[PDB]
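Visitor: Structure for this input, please:
(4 chains, ligands or ions: 1)
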Amino acid sequence: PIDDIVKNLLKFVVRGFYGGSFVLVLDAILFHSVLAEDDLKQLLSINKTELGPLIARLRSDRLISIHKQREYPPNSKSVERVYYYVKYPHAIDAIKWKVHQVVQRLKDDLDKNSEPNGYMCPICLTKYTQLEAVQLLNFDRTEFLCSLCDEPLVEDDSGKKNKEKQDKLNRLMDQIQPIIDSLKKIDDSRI
Amino acid sequence: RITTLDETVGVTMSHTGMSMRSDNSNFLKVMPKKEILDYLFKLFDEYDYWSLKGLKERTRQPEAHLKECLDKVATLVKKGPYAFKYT
Amino acid sequence: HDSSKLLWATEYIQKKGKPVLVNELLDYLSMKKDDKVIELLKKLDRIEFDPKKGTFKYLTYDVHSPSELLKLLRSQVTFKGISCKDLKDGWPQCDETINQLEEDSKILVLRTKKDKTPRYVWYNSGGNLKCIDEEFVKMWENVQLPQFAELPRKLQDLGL
Amino acid sequence: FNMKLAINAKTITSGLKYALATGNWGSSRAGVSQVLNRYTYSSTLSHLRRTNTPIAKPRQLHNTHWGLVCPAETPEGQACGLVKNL
Ligand SMILES: [Zn+2]
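Guide: Numbering: from 1, shown residues only, chains lettered A, B, ... in the order given. Below is the structure in question.
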């Protein structure tokens, strides 16, 4: 079905971009539609300060929504239980938008190392662009000086770093192809 | 009326702060494992429920060996009415 | 007391680790020549007693193979989970099999490499996914999601 | 127990020294302690006998001040009639 492909998508994303306890909680919610906080604590035998950041991380990524359910049973105690629930559409949207932001942020770094332009100053630790470089050129000197130091600059950026941004794009596409294929498979039915 | 102490001051002022004189008044001053196992089973014969600290106060011996002897033949209940007790 | 002889006899037969004859067990314990200890041993299901000759079997778990491990994992879905003690006592060095059981064939949580590592016994499907570069994970955590209804509007403008 | 750590003297010393040092008497009360005016002898005599009244009209001279408060010796300004002299 289409609902199971969303589960495999969440397994691939949570397993692929986070540690183990994250898919421990994730599968703990995939097994029980309403998972209480006391069940996850006694399940993984983790502390409260260890269950906190995990749920907060799974909520910051819009993967799961919480439901603080009331309780007034036996001892008339207002026992509140945070039941976790998987938010399928918001999680899928988070995965798609995060993939888009990764592709866009890894595409911008390739255009910078494609052609060196700016310079750098070791003495005052201040960066200078080509504009300020040609604006700090003198007639009695043969190199671009520095207003702070009135000393020559060193050419920043190089073509050697351009080979690193391409490998990140190729490896990122090879590691994102099954994820984006699952996204294109789920987005057919809009579920 | 109030009585004025007429002394040379240095004596009383010596009795004020540090005078190298303290106290002078009492106020607010306040093993073989098998034999230990057999003795523990005797204490169980007396009563099945006993706290580990009470057993350490009854057997009177090094406590490490007694803890090791309690972690083998007795189960430690942590909750309930017999909390922190071996049975 | 005879109960200390019973628990001492069970701890001794656990020190042996293999089925021996009942008379040989009474001879290894020297002064423990009581039959009530043997009867209380027959009443004990922790150390199974086979009526054929002298045989003493030890349960926590009979899991010593990766397949039996997978089955014991499948018997914990939508329930709870055991610990490390029972497996390491039933089979020596389970962490080696855990490291050999790649991709969610045997999971754990590495806490500290100095306290025998408090383990974990659950199962899923892949779980590995370590091919995801650390740079891609760092770029995944730096993304700040637009809260409330701003995210669906930002996704409907892109066409997703 | 120690008698040097139980009974402290800087509470009474700091309380009396601070209250008689500053104008406050602990803002409840202020302007109680003033520096002695040594401009002349009559300034010290008229200064020590000076009585103050914290803020019917209290500034006007009442008929009950006969022989008790000086009807002439009084400052001028904002504190007129609130300061009195014996
Ligand atoms: Zn410079």
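Visitor: burial count for residue C:48?
Guide: As a burial measure, residue C:48 scores 14 neighbours (other C-beta atoms under 10 Å in any protein chain shown). Just so you know, the C-beta spots here come from the backbone N, C-alpha and C atoms, and that holds for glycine as well.
Visitor: again, but for residue C:9
Guide: Counted with other C-beta under 10 Å, residue C:9 comes out at 23.
Visitor: Where does it fall, secondary structure wise?
Guide: Secondary structure assignment for residue C:9, by DSSP states H and E: helix C:3-16.
Visitor: Distance from that helix to the middle of the chain?
Guide: Relative to its chain's centre, helix C:3-16 lies at 24 Å (C-alpha atoms, centre = their mean, to the nearest Å).
Visitor: got the contact list for that helix?
Guide: B:34, B:37-38, B:40-41, B:44, B:72-73, C:20, C:25, C:28-29, C:32, C:34, C:37, C:40-41, C:44, C:46-47, C:56, C:58 (C-beta atoms under 8 Å, 6 or more residues apart in numbering or on different chains).
Visitor: please redo it, this time with the cut-off set to 7 Å
Guide: Residues outside helix C:3-16 that contact it (C-beta atoms under 7 Å, 6 or more residues apart in numbering or on different chains) are B:34, B:37-38, B:41, B:72-73, C:25, C:28-29, C:32, C:34, C:37, C:40, C:47, C:56, C:58.
Visitor: ok, these vs the ion, which is closest?
Guide: Nearest to the ion among the contacts of helix C:3-16 is residue B:72, at 74.6 Å by C-beta to the ion.
Visitor: Just say helix, strand or coil for the residue in chain D that chain C sits nearest to.
Guide: Nearest to chain C, among the residues of chain D, is residue D:5, at 44.9 Å (C-beta to the nearest C-beta). Under DSSP: H, G, I helix; E, B strand; the rest coil, residue D:5 falls in the helix class.
Visitor: what sits against it?
Guide: Counting by C-beta under 7 Å, 6+ apart, residue D:5 has no contacts.
Visitor: Check the gap between it and residue B:17 for me.
Guide: Between residue D:5 and residue B:17 the distance is 12 Å, computed by C-beta to C-beta, to the nearest Å.
Visitor: sorry, back to before: gap between the residue of chain D closest to chain C and residue C:34?
Guide: From residue D:5 to residue C:34 the distance is 67 Å (C-beta to C-beta).
Visitor: Residue C:68 too?
Guide: 37 Å.
Visitor: Name the nearest residue to the residue nearest the centre of chain D, sequence neighbours excluded.
Guide: The residue lying closest to the centre of chain D (C-alpha atoms, centre = their mean) is residue D:32, at 3.5 Å. Leaving aside its sequence neighbours, residue D:32 sits nearest to residue D:25 (C-beta to C-beta, 6 or more residues apart in numbering or on different chains; 5.2 Å).
Visitor: Distance of that neighbour relative to residue D:58?
Guide: According to C-beta to C-beta, residue D:25 and residue D:58 sit 21 Å apart.
Visitor: So between the two, which is more surrounded?
Guide: Using other C-beta under 10 Å as the criterion, residue D:25 and residue D:58 rank with residue D:25 on top: 14 against 10.
Visitor: Am I right that that one is in a helix?
Guide: No. Using three-state DSSP, the assignment for residue D:25 is coil, not a helix.
Visitor: List the residues that contact residue A:84.
Guide: Applying C-beta under 7 Å, 6+ apart, we find residue A:84 in contact with A:29, A:35, A:64, A:66.
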